[PDB]
Each structure stands twice: as C-alpha cells, then as structure tokens.
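This document opens with one chain alone, in structure tokens, the form deposited in one PDB entry.
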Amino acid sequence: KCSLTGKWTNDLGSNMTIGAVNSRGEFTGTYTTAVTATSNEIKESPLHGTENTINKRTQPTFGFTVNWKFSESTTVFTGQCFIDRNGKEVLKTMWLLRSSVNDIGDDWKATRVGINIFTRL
C-alpha cells in the first residue's frame, strides 16, 4: 500500500507534510515551496485534499489544493501514489497554478501548468 501520510519532498526542493486521512479520504497538511513566481517572501501554507477511496486501491489517485499565504494565488495538485519498483513510495503529480487577475479580460493568461515528483523525506 502507498500512504499519503508523512513528510515529502519534491524535485524542486519543496517539502510537504500530510496528516492522517480519515474514513472519507480527506486530509490536510502544510506546504513549504522552495520556489515562487512572485517576488514575495515565502510562507508555509496549508493544503486540503482528498484521496479516492473506490475499490480501496493500493495506489490511489488523489487531489489537493494549496491555499497560498503569501500571494493571492491558488494551486491544485493531482496525481497517484505509486509503489516504485524498489518498493519505495513515489507521488507523480501534475498541477495548475492559478494567479488572480483584476479583469476577466486577462483570464486567458492566468493559469500555469507543470509537474512534480515527491519522495519520502
């Protein structure tokens, strides 16, 4: 089984902690990004997500939202908890980083996309 609970680090150097996931698949955690598109000072930020519980998969898909405390942005991450061929856990994820724009006319350029790989820290 691949469990979300624990401390993780990613390819960019960001760390994240996820507490226990309840019977409904929900969990909370904290995210310390190593990088920012802003020129602001980085602060630890909370995250809230859900792990898919159908078929009690041992490598479930999951999703979570990071509510940034140092900018007006929001990032969502989705991926799957895989059991590496080495028996070690790896989170393969893709994310959408949403910036806030002041006019709906600028909405077309407000969304960045990318990946991140997490391993137990």
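The first residue of the shown sequence is 1; numbering continues from there. Under this definition, the rigid core comprises the largest set of C-alpha atoms superposing within 1.5 Å between the forms.
As for the form deposited in another entry, it is not shown, yet the points below apply to it.
Of the residues checked (40, 67, 78, 52), the rigid-core alignment between the shown form and the other one shows a Cα shift of at least 2 Å for 40 alone. Whereas the shown form places them at one spacing, the Cα atoms of residue 32 and residue 38 lie at least 3 Å closer in the other form. The Cα-Cα distance between residue 39 and residue 7 is shortened by 3 Å or more in the other form relative to the form shown here.
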